[PDB]
Amino acid sequence: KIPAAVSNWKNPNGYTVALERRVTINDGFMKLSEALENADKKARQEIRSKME
Amino acid sequence: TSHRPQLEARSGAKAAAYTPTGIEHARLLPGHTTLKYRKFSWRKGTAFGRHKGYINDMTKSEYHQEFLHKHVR
Amino acid sequence: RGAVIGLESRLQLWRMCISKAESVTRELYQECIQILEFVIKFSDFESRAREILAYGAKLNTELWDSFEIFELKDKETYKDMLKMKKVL
Amino acid sequence: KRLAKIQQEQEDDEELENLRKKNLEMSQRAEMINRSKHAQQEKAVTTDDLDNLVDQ
Amino acid sequence: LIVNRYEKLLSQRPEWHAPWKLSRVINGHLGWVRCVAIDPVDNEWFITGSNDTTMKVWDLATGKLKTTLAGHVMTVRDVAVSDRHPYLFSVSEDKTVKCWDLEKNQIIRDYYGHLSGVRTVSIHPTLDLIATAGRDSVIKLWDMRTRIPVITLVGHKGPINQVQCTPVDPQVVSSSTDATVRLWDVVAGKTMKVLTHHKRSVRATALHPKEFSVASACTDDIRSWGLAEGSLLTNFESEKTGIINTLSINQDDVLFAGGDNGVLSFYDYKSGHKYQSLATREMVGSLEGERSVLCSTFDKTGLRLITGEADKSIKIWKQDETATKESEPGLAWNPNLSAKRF
Amino acid sequence: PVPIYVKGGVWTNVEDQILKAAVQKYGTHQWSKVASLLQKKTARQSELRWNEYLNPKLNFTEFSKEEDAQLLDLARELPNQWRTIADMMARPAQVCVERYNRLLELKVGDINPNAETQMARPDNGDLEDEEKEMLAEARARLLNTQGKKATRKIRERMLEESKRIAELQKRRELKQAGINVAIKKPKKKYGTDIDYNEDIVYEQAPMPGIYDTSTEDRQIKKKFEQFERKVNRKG
Amino acid sequence: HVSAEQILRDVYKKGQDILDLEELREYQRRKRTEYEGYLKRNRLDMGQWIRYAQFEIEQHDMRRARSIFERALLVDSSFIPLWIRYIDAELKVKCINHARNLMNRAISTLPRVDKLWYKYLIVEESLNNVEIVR
Amino acid sequence: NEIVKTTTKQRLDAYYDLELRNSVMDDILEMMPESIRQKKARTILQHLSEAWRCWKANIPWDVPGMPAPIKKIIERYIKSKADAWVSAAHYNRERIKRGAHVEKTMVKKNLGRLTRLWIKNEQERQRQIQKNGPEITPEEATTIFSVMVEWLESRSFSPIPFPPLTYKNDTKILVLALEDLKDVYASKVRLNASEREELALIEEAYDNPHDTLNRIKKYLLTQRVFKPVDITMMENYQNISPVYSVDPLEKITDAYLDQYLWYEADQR
Amino acid sequence: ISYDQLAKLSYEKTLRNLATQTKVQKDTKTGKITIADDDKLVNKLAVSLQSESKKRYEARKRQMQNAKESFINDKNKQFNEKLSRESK
RNA sequence: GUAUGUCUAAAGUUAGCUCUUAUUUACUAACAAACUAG
RNA sequence: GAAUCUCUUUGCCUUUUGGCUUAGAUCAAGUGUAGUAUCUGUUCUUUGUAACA
Ligand SMILES: [Mg+2]
C-alpha cells in the first residue's frame, strides 16, 4: 500500500495537504571537556600559587 | 501540466508503416564496405615529538575526499 | 493464559492470575499489565515501586492515591504531585 | 517627507512596539505566574509531606 | 490427468551437477555492469559494458584489464561479441548500435534508425546481420555491410528486453515486457509462434548451445522452450526466487539465473531441478539493494561463469571439482503440488 | 511610500497562519513564494519562523527532570554549542537557551534580534487594513492552481463554446427563416486532417466468430434509423 | 480567529440543446475531435476509451462503438474492465450473438481470468441455455 | 516523418532520465503482485524523484508505509544515478581544469554539482565526529591548554577585557567596522533584499552610534543562538571557494568584534 | 480479497439475482452458429444489466455526495481523503 | 516590442440588510518626461 | 418462514498529485494618466339571477 507521493520541492497540481505530509553521542566529548576543566583547574591552581 | 513523463515509447510499428523518403544521409554513405572474417637535545622543549582500500560508496570514497580537498581551497 | 486469551470474563481471569501470583508472581503481574487500573494494582502489590507508579500514571483519581501511598512509603512526593497536576 | 515616511514604515516594523512589549511582558508575566504557582505548590507539598510524615 | 504427471515426475530423477562457489571478484567499474560478452573462439578475454559508458575488456585467466572501449556517451546496455567476425557490437542507450573492429579497437559502424533506447543485440551466428531491439518495441535487423535496417519485426507491444538469434527458423527468438516470447520468421516478417506463458517482462532468454531450445525468465517462473514447434519443455521450479535479470545456459545443461534479490539459482536444465541457491555478498560499503546480479554469461567451455552485478563488481563462479554425487547432492528433488509448475 | 528595506518585524498571528497555510501548499524549501505572500517579511525570516516556531515536529513542551539534568551535563560538555544541543534534544535552540537560563537562576526602539522564536501577537478581531489587503492577496494567490497556459486554455475553450453556441443561434434563426445554410466545418489545420463524421473513424470491426451475425445488425440499423428520425423531429 | 483552516476553507469557497440532425452531427464532430485528440496523445488511459465508446453508445451508432472497443482491445487486451464493459455494451443493445462472438474472443484470449468466464456463464444462465453451460 | 534524435550533449540528462525512469518502473511492475497499471505506475516514480531530491538535499528518504523491496530498489537506483552524477561532476571538473571547451551552462551546472558534493561531504564530516570521535584525545587537549597557559604567562599577557559602556576608542572602532562594510556597497548597483537591508542597518548605525554600541554589546552579552549562514560558492576555475553570506544583523556586531579583537590584540 | 474471489462472489450475487427473478443450428458453407434466444430472456438480461448499472450509478453518486481536512479544490479534498486513508 | 495565435460571401446544391459615493491599497501598460526583448 | 427498501462498518480509488537540470535561475530604485480588483469611509430602504346566439 504505497503512500500517495507528497514531497516538498515540487507541488505540480498546487494541492495543499496536511502539514505533516510535507516535512546520540560518543563519550569523547565528555572525555574532552572534563579534562579541559581539569587542566583549567590546574592552571588556576598554578598561577594563583604564583600570585601570592 | 504541459510537460509530462513518458508512458510508453513511440513504437517502431509506426515507423515501419510510413513509406520512406530517399534522404541520403551524411553518414549512411558507403564506408567500411568489407566485413572481416575470423580464421575458421634541541627538540626536548616542545610538547609533542618522537621523544614524547576500497568501499563501494562513491561520495564516501577515498578518491572523492581527495578530490574535494583538492578543489575547494 | 486465561487472563491473556480471554469483559466480565476477562476481569475474572485477571483476578485469578493475580491470585496465582500472590500464592514468577511479578512476571505474571507484568504480563497482566501488558494485556490491559491493572498497572495501579501492580504498583500497589509491589509497594522500582516509584517506576511502577509512574507507569500507572502514564497509562486520574486512583492514580493520585497510588502516588500519595508511594510518597508515604518529601521532595520526591512533591515532584510527583506536580507531575500529576501537569498531567491533569 | 520621503525619508520621514521611510522612517515611519520601516521603524514601525523593526522596533519592539509598546503594545508588542506589553504582550511580550504579559506572556513573561504569565510564565512567572505559573512558575510562582509551581513554587508555592512545591512549598505546600513540602509542608504537607512534613506534616503527614509526622502525622501518619 | 494431473496425478499421472506428478507421479511420472516423481518417478524420474534429476541429473547431478557440481556445486558452484565464487572464485574471483573484479571491482573495476565506476558503474553497474549491464551485459557481459565473451569471445566465442579464444577465451582470452571478456568485455563487460557498464553504466559508466566505458566497456572494459577483462581477462579470464588473470582478471586483469587490458583495454577500455569508451565510444558511447550513455549507459552501455548490451554487448555482443561476434563469433565469425572480429567485431564487437555494443548496444547502449545512446540510440546507437556501434561496431567495434577488434583488429583496431575502433568504432567503424554506427547503426542509426532506432526510435528510442536500445536494450539488446543478437548477432545471427551464420549470417551477416545483427538483431537490435529496445524500448521502441520493434526489432530492427541490420545488414552489417550497408548499415541498413533490412527487416523490421513488428508485433511486440512493450519494450523488448532480450533478443536471441538461431541459425534455423525461428531465427529471432525475442521477448518483451508484454510477457510474450515471440518466434519470428525473418523472411515473412511475421510471428510464427507467439508464446504467452509468462506473466511479466521476460528479461532473459538464453540459447542452449547444444540443443535447439531457449530458456526465458519472468519473475518466479523460468520456462524452457523447444524452438522446433514453440512448445514448453520444462517449467522450472523457481519458487519465490525474485525478479530474474539474466539467464545463461552451460554446455553441460547448467542454467544460471541471477535474481534482483542477490540470490543465485543454478538449475539442472534437463530436469528443471533447482539445486544450488547462492547469496551474492555485497561489497563492504554497498547498499542492500546493490546485491542484484544484472547480467551473466558462461565460458565457452562452461567451467567458468561471469556475472556483472549492480555493486560495481564482476564475480566469477566455478564448480567444485572435489564434490561428488554423495558429497554435495544439491537441493532435494521434490516437485510441489500446490504450484502447477510441475 | 513602500519602504520595504528592513523586514525583521514582530511576527503577528495572521502572518503566522499564512505561513502555516503556505508551507502546506508550497513546501519546506520553496520560500520565495512563501515570502511573496507575506508582504512584510523575508524568505530567510520565514524559513526561521518555520524551523524555530511553526514546525510541529520539534518539541515546545516543558522538560522533565531527566532533560534538565542532561542539559546541564551537555552545557558543561558542549559549552556554547546551542544548535548542537538543539540537535541532541531535537528541540528549538533558543528554547533550550531559555531553559538553561531559567535553570541557572529590551526597550521600545531597540531592534529585536530574536523575534521569530518567542510568541505571536494575537489579533482579537482587530484586523488592520494592511492585514485585510495582505490576507486577501494571500488567499488570492493560494487559489492560483492552474498555470497561465491552462488559464488561457480554459479561456480559449470558453471562447470556442461561446462562438459555437452563437453559430447555432444564427443557424436556428436562419432555419426558422427558411434559408437553408448548413454549418461550417472546421478548417483542415494539416493536409491529412481527419473529419470524424463521414466514415467510421478507424474501421476495426471485430474478428469473425462462430455465431451468426446479421439478425441483430438488422435490429441495430433499424433502431439507429428510428433514432435518426427522432433526432429529425425532436433532437 | 485567523487560523489556517479558515483561510483554506475560504480559498476552497472562492474556488468553484439539440434541435436538428445536422446540429447533432456538428455536436458529434466536436465531441469526437475532442476524444480522438485526447486518445491520440495518450492511448493508455483506458477510462478514456471507455467513456468515448460509451458516448458513441449514447449516440446509438453501434459499429462505431464496436470499432472503438476493438481498438481499445488492440492497445491493451489484458485490461478486464474494458472487456466487461464492451460485453455489457453489446448486451445493453440486446445483441447477444455479437456478445457471444465477443466473449468467445474474451475466453480464447484470457482463459485464466475468472470474470470473463463467470460473466459468460451468467449470460448463458439468464438466457437459460443449459447445454451451452455444460 | 521518422526523424529520431540521437543523444548529443543536450540530451544526456533528459534521455538518461527516461532511461532510469523506465528501468525503475519495469522493476516495480516486475516486483508488484497482480496490479494492473492505470494511475499508480505514474506515481511510484515520483517517490523515486522525491528520493533523488532527498539524495541531493542529503535528507534521509523516510516515507511511511513504503514496502521494504521498493525502498531497496529505489535506494539502489538513486545510488546508480548518484554514481553517474558524481563521475560526471569529476569529468566536468577535470574538463574545466584542463582548459578545454566547456559550456557556460556546464560550468554553472558544475558549480551546483560540486557544491552539493561539498556540502554532502561537509555533512558527513560533521556527522562522523557527531557519531564517533572527536579526533582530539584529552591528553592532547590538556597539553595544548598547558602550553597556551605557559606562553600567555611567559609573555605576562593580560587578557582582553570586554569593551565597557564608556570605552575610549569606541566610536572609532565602530566607524572602522562600518567603513569595512560600506567598502562592499560603494560601487555596486544591483542590491537584493539582504544587501539593501544591511545597507539600511549601516545608515541607521551612522544615524545612531550610541544605540548601535549598546545593541552590539547587548548581543555580545546575551545572544547565543544566531541566524543561519548562507553559502554561495563562487567559481574559480581551478577550485571553487566557499562564500559565507552571513545574516544582516550579525555582520555589524561581528565586524565590530573583529575590529575590537584585532585592536586589543595588537595593543596587548 | 482478490480479483478471482471477487469475480466468484459477483457470480454468486448474480445467481442470487436470478434466484430472486426465477436449440443450436448451423449452416453448411458458412458454419455460423444460430442459437434461438428468447426475447423475454434477451430483454430481461438487458433490463437487468441496465438496472445493475443504474444501481451502481446511484450508489456511486451517493458516495460522491458526501463532504465533511485541508483543501483548495475538489480534487484536493479527494487527495486529502486518500492521505487520511493512508494514515491508518 | 517581438515570436506566435485567432477572425474575415466572389461562387446560393433541387422538398443585520439592498444602495449612492469618496479616500486608500495591490497588479498591469513600447502611455510621457528615439534606443532596449525571450 | 421467502424476499424488497434504508442505514452502519469493512474492501476496492471511483474527477485520487503524470519527467528532468545549477532548490533550473534571479527578485521593485520612483512619479503622473488610465484600466482591473478589493477593503474602508458615506447616504437610502426594511359570485348569483335573467335574456339572446
Ligand atoms: Mg527563448
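Below, the figures for the structure above:
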quantity: Of residues in segment F:97-124 being among the small types (G, A, S) and under 15 Å from D:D12 (Cα atoms), the one surrounded by the most Cβ atoms within 10 Å (Cβ to Cβ); calculated: F:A115
quantity: Leading residue by the ranking (surrounded by the most Cβ atoms within 10 Å (Cβ to Cβ)) among those in segment I:42-79 that are in a helix (DSSP H, G or I) and in contact with a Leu (Cβ under 7 Å, 6 or more places away or on another chain); calculated: I:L45
quantity: Residues satisfying the stated conditions in segment F:125-151, i.e. exposed (fewer than 12 other Cβ atoms within 10 Å of the Cβ), more than 10 Å from RNA strand K (Cβ to nearest atom) and either small (G, A, S) or over 18 Å from the mean Cα position of the chain (by Cα) (or both); calculated: F:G125, F:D126
quantity: Residue in segment H:116-132 that is in contact with a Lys or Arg (Cβ under 8 Å, 6 or more places away or on another chain), over 26 Å from H:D266 (Cβ atoms) and either among the acidic types (D, E) or assigned to a helix (DSSP H, G or I) (or both) present; calculated: yes
quantity: Pair list, Cβ under 8 Å, 6 or more apart: segment I:71-83 residue more than 9 Å from chain A (Cβ to nearest Cβ), other residue in a helix (DSSP H, G or I) and not acidic (D, E); calculated: I:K77/G:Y12
quantity: Test: H:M31 is more than 10 Å from RNA strand K (Cβ to nearest atom) and within 20 Å of G:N42 (Cβ to Cβ); calculated: no
quantity: E:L88 being among the hydrophobic types (A, V, I, L, M, F, W, C), in contact with a strand residue (DSSP E or B) (Cβ under 7 Å, 6 or more places away or on another chain) and facing chain B (nearest Cβ under 10 Å); calculated: no
quantity: Condition check for E:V187: touching a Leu at 6+ places or on another chain (Cβ under 7 Å), β-branched (V, I, T) and either surrounded by fewer than 19 Cβ atoms within 10 Å (Cβ to Cβ) or in a strand (DSSP E or B) (or both); calculated: no
quantity: Of residues in segment F:116-168 being acidic (D, E) and in a loop (DSSP other than H, G, I, E, B), the one nearest to RNA strand J (Cβ to nearest atom); calculated: F:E128
quantity: Hey, B:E8 closer than 25 Å to E:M144 by Cβ and out of contact with any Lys or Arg (no Cβ under 6 Å at 6 or more places or on another chain) or not; calculated: no
quantity: Lone qualifier among F:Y190, F:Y202, F:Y196, F:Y211 - being within 14 Å of RNA strand J (Cβ to nearest atom) and over 23 Å from the mean Cα position of the chain (by Cα); calculated: F:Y190
quantity: Residue check for F:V14: crowded, with 20+ Cβ neighbours inside 10 Å, among the hydrophobic types (A, V, I, L, M, F, W, C) and more than 21 Å from A:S7 (Cα to Cα); calculated: yes
quantity: Residue check for F:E77: within 14 Å of chain H (Cβ to nearest Cβ), under 35 Å from the mean Cα position of the chain (by Cα), among the acidic types (D, E) and buried (at least 16 other Cβ atoms within 10 Å of the Cβ); calculated: no
quantity: Unique residue being more than 18 Å from the chain's Cα centre (by Cα) and either more than 14 Å from chain F (Cβ to nearest Cβ) or of a type outside the set (A, V, I, L, M) (or both) when the list is G:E56, G:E90, G:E124; calculated: G:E124
quantity: Condition check for A:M51: surrounded by 16 or more Cβ atoms within 10 Å (Cβ to Cβ), under 30 Å from H:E139 (Cα atoms), among the aliphatic types (A, V, I, L, M) and more than 7 Å from chain H (Cβ to nearest Cβ); calculated: no
quantity: Close pairs from segment B:27-43: first more than 7 Å from chain E (Cβ to nearest Cβ), partner loosely packed, with under 11 Cβ neighbours inside 10 Å and in a loop (DSSP other than H, G, I, E, B), Cβ under 7 Å, at least 6 apart; calculated: B:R43/B:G49; B:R43/B:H51
quantity: Residues located in segment D:8-42, provided they are over 21 Å from F:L38 (Cβ atoms) and either hydroxyl-bearing (S, T, Y) or within 16 Å of RNA strand K (Cβ to nearest atom) (or both); calculated: D:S27, D:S36
quantity: Members of segment D:1-19 that are more than 7 Å from every other protein chain (Cβ to nearest Cβ) and either assigned to a helix (DSSP H, G or I) or exposed (fewer than 14 other Cβ atoms within 10 Å of the Cβ) (or both); calculated: D:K1, D:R2, D:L3, D:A4, D:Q7, D:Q8, D:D12, D:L19
quantity: Enumeration of residues in segment E:23-60 that are part of a strand (DSSP E or B), more than 30 Å from H:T7 (Cβ to Cβ) and not β-branched (V, I, T); calculated: E:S23, E:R24
quantity: Residues being in a helix (DSSP H, G or I) and surrounded by 15 or more Cβ atoms within 10 Å (Cβ to Cβ) - total across segment H:141-174; calculated: 10
quantity: Where D:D48 falls short, out of the listed (1) more than 9 Å from every other protein chain (Cβ to nearest Cβ); (2) over 24 Å from H:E198 (Cα atoms); (3) charged (D, E, K, R); calculated: (1)
quantity: Meets criteria (touching a helix residue (DSSP H, G or I) at 6+ places or on another chain (Cβ under 7 Å), assigned to a loop (DSSP other than H, G, I, E, B) and more than 9 Å from chain H (Cβ to nearest Cβ)) for A:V17; calculated: yes
quantity: Within chain D, tally of residues that are within 29 Å of C:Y78 (Cβ to Cβ), β-branched (V, I, T) and out of contact with any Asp or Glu (no Cβ under 6 Å at 6 or more places or on another chain); calculated: 4
quantity: Any hit, segment E:198-221, residues being of a type in the set (S, T, N, Q), away from chain H (no Cβ under 12 Å) and surrounded by fewer than 20 Cβ atoms within 10 Å (Cβ to Cβ); calculated: no
quantity: Looking only at segment H:234-263, and only at residues there that are touching a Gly at 6+ places or on another chain (Cβ under 9 Å) and assigned to a helix (DSSP H, G or I), the one that is farthest from the other protein chains (Cβ to nearest Cβ); calculated: H:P248
quantity: Single residue of H:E150, H:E135, H:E140 found to be within 12 Å of chain A (Cβ to nearest Cβ) and either hydroxyl-bearing (S, T, Y) or in contact with a helix residue (DSSP H, G or I) (Cβ under 9 Å, 6 or more places away or on another chain) (or both); calculated: H:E135
quantity: Count - residues of segment H:179-211 that are part of a helix (DSSP H, G or I), facing chain F (nearest Cβ under 10 Å) and either more than 16 Å from RNA strand J (Cβ to nearest atom) or exposed (fewer than 12 other Cβ atoms within 10 Å of the Cβ) (or both); calculated: 10
quantity: Selection within segment G:7-25 - in a helix (DSSP H, G or I) and in contact with a helix residue (DSSP H, G or I) (Cβ under 8 Å, 6 or more places away or on another chain); calculated: G:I7, G:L8, G:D10, G:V11, G:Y12, G:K14, G:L21, G:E23, G:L24
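Cβ atoms come from the backbone with ideal geometry, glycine included; neighbour counts cover every protein chain shown. Where a number appears in this text, it was derived from the coordinates with a stated rule and is not lab data.
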